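In what follows, a structure is listed as structure tokens, so that the remarks can point back to it.
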Amino acid sequence: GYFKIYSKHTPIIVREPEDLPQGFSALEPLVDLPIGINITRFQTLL
Amino acid sequence: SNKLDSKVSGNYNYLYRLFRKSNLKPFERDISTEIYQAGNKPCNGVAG
């Protein structure tokens with residue numbers, strides 16, 4: 001019924017372009033608030 | 001609620017829908033439909 005949010009930060013030491021950091025890191029739940037929202041698309045905010 | 005809501009004049013502010021192509025999901029509500037020219041009639045506003 002609502003939106004779940006998981007997040008974790010990582011101190012990257014590897015090359016930034018043409019690379020995703022290889023390794024394992026589980027993301028802990030941070031916030032989860034009861035909003036009954038219909039969601040079809042989304043957009044970032046830079 | 002026939003003695004509380006329904007009264008001497010009647011509260012006619014209770015609207016309800018009848019036509020939609022996107023039906024309801026579990027715990028989901030459409031707040032405003034978008035009714036446009038869905039029919040492809042040449043004469044706009046045909047009788048019937």
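Residue numbers start at 1 in each chain; chains themselves are named A, B, ... in the order of the structure tokens; ligands are numbered from 1 in the order shown.
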Checklist entry - If you count only C-alpha atoms, which residues fall within 6 Å of segment 16-28 of chain A, apart from same-chain ones fewer than 5 positions away, as a PyMOL selection string? => result chain A and resi 6-8
Using only C-alpha atoms, what table do you get, as CSV, when you list each residue of chain B with an atom no more than 10 Å from chain A, its nearest pair of atoms, and their distance in Å rounded to one decimal, rows by chain then rising number?
residue,atom,partner,partner_atom,distance
B:25,CA,A:38,CA,9.3
B:26,CA,A:1,CA,7.8
B:27,CA,A:1,CA,6.5
B:28,CA,A:36,CA,6.5
B:29,CA,A:38,CA,8.2
B:30,CA,A:38,CA,8.8
Next on the checklist: Quick check, in Å to one decimal: how far apart do atom CA of residue 33 of chain A and atom CA of residue 24 of chain B lie?
Outcome noted: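 Atom-to-atom, atom CA of residue 33 of chain A and atom CA of residue 24 of chain B are spaced 21.6 Å apart.
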Checklist entry - How many Å separate atom CA of residue 35 of chain B from atom CA of residue 15 of chain B? => result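 Between atom CA of residue 35 of chain B and atom CA of residue 15 of chain B the gap works out to 16.1 Å.
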Checklist entry - What gap, in Å, lies between atom CA of residue 33 of chain B and atom CA of residue 17 of chain B? => result 9.3 Å
Next on the checklist: Can you pull out the residues contacting residue 34 of chain B? Cut-off 12 Å, using only C-alpha atoms, and skip same-chain residues under 5 positions away; I want them as a ChimeraX atom specification.
Outcome noted: /B:19-22
Atoms to include: N, CA and C atoms. Write the selected residues as a PDB file, in the first residue's frame.
ATOM      1  N   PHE B  19     -18.056   5.279 -14.986  1.00  0.00           N
ATOM      2  CA  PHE B  19     -17.339   4.848 -16.186  1.00  0.00           C
ATOM      3  C   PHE B  19     -15.852   5.124 -16.014  1.00  0.00           C
ATOM      4  N   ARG B  20     -15.034   4.079 -16.142  1.00  0.00           N
ATOM      5  CA  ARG B  20     -13.584   4.215 -16.190  1.00  0.00           C
ATOM      6  C   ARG B  20     -12.997   2.977 -16.851  1.00  0.00           C
ATOM      7  N   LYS B  21     -11.897   3.166 -17.578  1.00  0.00           N
ATOM      8  CA  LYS B  21     -11.189   2.041 -18.177  1.00  0.00           C
ATOM      9  C   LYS B  21     -10.068   1.522 -17.290  1.00  0.00           C
ATOM     10  N   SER B  22      -9.592   2.335 -16.351  1.00  0.00           N
ATOM     11  CA  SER B  22      -8.592   1.920 -15.370  1.00  0.00           C
ATOM     12  C   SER B  22      -9.317   1.706 -14.046  1.00  0.00           C
TER      13      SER B  22
END
